[PDB]
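Before any questions on how it binds or moves, here is one chain, the form deposited in one PDB entry, in structure tokens.
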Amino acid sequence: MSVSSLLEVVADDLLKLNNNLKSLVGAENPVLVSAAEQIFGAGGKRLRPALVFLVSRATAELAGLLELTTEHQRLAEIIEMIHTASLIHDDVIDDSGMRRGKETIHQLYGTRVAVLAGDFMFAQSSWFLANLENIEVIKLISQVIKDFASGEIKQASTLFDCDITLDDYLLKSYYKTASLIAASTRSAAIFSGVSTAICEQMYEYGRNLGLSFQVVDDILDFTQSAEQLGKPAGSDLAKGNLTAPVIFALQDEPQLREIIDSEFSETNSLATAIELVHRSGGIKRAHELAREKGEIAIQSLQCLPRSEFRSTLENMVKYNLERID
């Protein structure tokens, strides 16, 4: 029911990881020391690294280990660095501003520093990955990076496409977020040394959790008040990016089709369309879809024996589903 109450079980490892990341990036460089401190914040932002640590401890308890190997820590760092670099470069791309205000580092430090820092993080992650010394995990992570790049390139060609399927949206969202979390859980299980079927189960867990997160984010984009963010709701809708509620609503109203195809030329077509979507009930169907994904994830977690990290993962699912309130 609260982020900190969830993460407190693995807080010390996260503290160590933040310290290591700080010391790693911008060693002795002043402007990059300040950027480094700002970029990783302090604790928190832990969903992906905390997930890594939780799955690590659960599978290690199953496999009778006594403590986390250093490879698990390296893996957590790799995941964190990749996600941070992705966010930074995404900010510089499509030139939008004030992500949750939090003047993006592109505004705070400028384009040069942002591009340089993104490159530095990518390079360090590659070096650590090569040091891991397990060719299969390397293949997985490389696949993830390539899919992210391809998805970025492809999203430009699908703007305002007035007919797209649920599968296409799911696969785009998979390339956007789910692949990283799925690969992380599977790699953690591999480093813990458990059976193969359990690794497949963990992969499915990661997939479905990532999908749930992404869908819930799209839903929040519609209902949130403009002050809780910058641009008022339906920003990406105006930009030409269709979301799940839009797809569900498009199966009912042609007027929405003409408004979209009009490239929102007529005045107040934006608010008209938002009210249309609210009236069509696409939000309820998106809610149900998110619930199905979460249910699949919970059932997948039934392979691990009783524990407290299990309850932590299930409560993570509940907190995700409850963020919509």
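From 1 onward, residues are counted along the sequence shown.
Another form exists, deposited with a small molecule bound; not displayed. Remarks below refer to it.
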property	result
Contact of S212 with the small molecule in the deposited bound form (heavy atom, 4.5 Å)	no
In the deposited bound form, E77 touching the small molecule (heavy atom, 4.5 Å)	no
Any non-hydrogen atom of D94 within 4.5 angstroms of the small molecule in the deposited bound form	yes
Distance check, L87 to the small molecule in the deposited bound form, heavy atom within 4.5 Å	yes
In the deposited bound form, the residue from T177, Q107, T223, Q73 that sits within 4.5 Å of the small molecule by heavy atoms	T177
Contact residue in the deposited bound form, chosen from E200, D252, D168, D217 - any heavy atom within 4.5 Å of the small molecule	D217
Which of 230-238, 192-200, 244-252, 160-168 sits within 4.5 Å of the small molecule in the deposited bound form, heavy atom basis	230-238
Candidate spot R291, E295 and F309, all three touching the small molecule in the deposited bound form (heavy atom, 4.5 Å)	no
